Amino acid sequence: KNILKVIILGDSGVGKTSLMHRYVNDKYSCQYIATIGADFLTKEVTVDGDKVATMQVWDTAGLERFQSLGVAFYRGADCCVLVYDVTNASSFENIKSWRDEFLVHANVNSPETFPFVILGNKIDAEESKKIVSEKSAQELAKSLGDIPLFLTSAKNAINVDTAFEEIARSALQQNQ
């Protein structure tokens, strides 16, 4: 009865709640409502056709100072999703910070093999606003352990399911 805990980290505003809503419920709103608290949605998933699982996807506030649950957010995760916004250089520069935050709080026994997935969200944005290049993102993903990178739009439903299937796969791997 495979239950997979996935947590999503990243700065305030990058699209964490939007990517979860898109994946689970296919909903998206242009309006911004900052996440208060921590909670999860549920998605039934199968990996490789034959491996049935329930994925619990957890979402809380982006900035650490408004992360109400604290350490308990991180505990027992099978995969950590790290999200930046391609229109915000600071968010991208914080991806290593978030990876490090997780490894300390989740006290993982094999940091070099624990599953992270990087999502560069907001790929639909006006081109002149897009200030983080895919090349930089690929360079960071290599340098953090050859972790998978997906470029996504929660808004226009680009690559969100594909990303989450790799999150699911890699969480199953870890959980087993």
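From 1 onward, residues are counted along the sequence shown.
Stretches 60 to 68 and 144 to 152 differ in mean C-alpha B factor, with the higher average recorded for 60 to 68.
For the two regions 105 to 113 and 41 to 49, the entry's Cα B-factors average higher over 105 to 113.
Out of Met55, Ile36, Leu119, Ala137, it is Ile36 whose C-alpha atom has the highest B-factor in the PDB entry. Sorting the modelled residues of the chain by their CA temperature factor places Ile3 in the highest third.
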